[PDB]
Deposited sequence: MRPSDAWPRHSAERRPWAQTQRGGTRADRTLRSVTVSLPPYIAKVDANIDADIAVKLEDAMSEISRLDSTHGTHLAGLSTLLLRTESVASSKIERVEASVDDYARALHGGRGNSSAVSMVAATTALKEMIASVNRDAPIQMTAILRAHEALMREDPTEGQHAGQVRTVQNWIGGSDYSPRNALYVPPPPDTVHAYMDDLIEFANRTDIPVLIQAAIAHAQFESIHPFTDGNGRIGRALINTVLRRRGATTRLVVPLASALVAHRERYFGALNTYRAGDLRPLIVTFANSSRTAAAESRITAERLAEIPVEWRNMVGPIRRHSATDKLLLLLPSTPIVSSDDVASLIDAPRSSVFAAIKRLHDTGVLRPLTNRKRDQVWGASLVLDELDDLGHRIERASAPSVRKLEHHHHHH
């Protein structure tokens, strides 16, 4: 097979019947559906073009320099930036403060709860790998469980592969006019094993492996719901499993979210056996995400200096110094949390809070009582990174 060629998907005609009656008549009389059958890739090789190798290489240059930055706050921020962007791809959205409240346990905004869930699902899936530990099917199921646990009427089977026939697009009530039909459920176990073997290889360039592992995951589409968010989480798991990263996540979903149809497009093209758009999308996305994350690392470091110009003189060991010290790792803190977390009298801690509030370091996220506080510059860097990455995707 040529350069950037890949074994293409085949089709097969399966019987299909509506389990839940509704839709139009055409949905109800439909008796047959054409499923796509992805290749088995665990043993496949891919030779790819030079211009693409350079692009992958330039992405890895940035990914490597990002991962070698020695910093408080950075790792958590990047993880959350990726999760927020990955959720935005499935139109699960909320404001910065909605999300900050949800990170602290707030539950009134179900979108922000899901955004926090996708954050857990990525954090736990990456935690499981290259402690010489391979990518395991257990971590994928646990990540899906973490994401879909509190989901309404969708999290009924959180943590289990689908047992029914799904499809993407077309009719709401049948696979009529679907743009893609994943393989039948009785083949998902055979396919995930093949993928998990493929995702554990060490004889492929890391970005190519990540990129094809994602596309293949999306082609299998093993879950009833959530395949975008868990499938994208697998990208950074492969990065971490190969040592391509070690201490931080690459937030490429912020680049993907900026050109969504092109991303979905690379999945269609993968299925037809062309690797070039998938890998170019992955190389450009990773390059932009890592480059801007590096600038975010500088800016995060400039922030404490910014904070204390604002707050004025601070005594070298007061509460105000103790507090100002911890905020970079922990930018979302309640008054009772801070008082707990600082060795100092609980009412001189409550003074440092008021001082940081009055100087503009802290902003209130709750009225409540046990007021929850957010480091504004940290919360706004979270948001500025995402805009800068979307901007730099041309």
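No alpha-carbon coordinates exist for the deposited sequence positions 1, 72 to 74, 373, 400 to 412, given here in order along the chain.
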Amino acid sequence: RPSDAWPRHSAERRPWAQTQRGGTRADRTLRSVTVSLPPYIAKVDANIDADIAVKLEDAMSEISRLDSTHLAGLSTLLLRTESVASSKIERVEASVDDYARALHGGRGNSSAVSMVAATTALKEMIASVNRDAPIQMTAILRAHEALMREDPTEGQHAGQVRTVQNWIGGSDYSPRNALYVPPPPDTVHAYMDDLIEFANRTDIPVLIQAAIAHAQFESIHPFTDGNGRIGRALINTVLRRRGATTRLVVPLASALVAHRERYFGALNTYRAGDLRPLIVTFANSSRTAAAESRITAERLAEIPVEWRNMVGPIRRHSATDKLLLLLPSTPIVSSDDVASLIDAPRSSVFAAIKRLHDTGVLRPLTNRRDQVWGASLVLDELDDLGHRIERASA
From here on, numbers count along this sequence of modelled residues.
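For the pair 93 to 101 and 314 to 322, the mean B factor over Cα atoms is greater in 314 to 322. For the segment pair 202 to 210 and 143 to 151, the entry gives 143 to 151 the higher mean B-factor, averaged over Cα atoms.
In the PDB entry, the Cα temperature factor peaks, among 257, 133, 78, 280, at 133.
Of the candidates 253, 71, 291, 233, it is 71 whose Cα B-factor is highest according to the PDB record.
Per-chain ranking of the deposited C-alpha B factor places residue 276 in the lowest third. In the deposited entry, the Cα temperature factor of residue 308 places it in the highest third of its chain's modelled residues. Compared with the other modelled residues of the chain, the Cα B-factor recorded for residue 60 ranks in the middle third. Among the modelled residues of its chain, residue 66 has a C-alpha B-factor that falls in the middle third, as given in the PDB entry. In the PDB entry, a CA B factor belonging to the middle third of its chain's modelled residues is recorded for residue 32.
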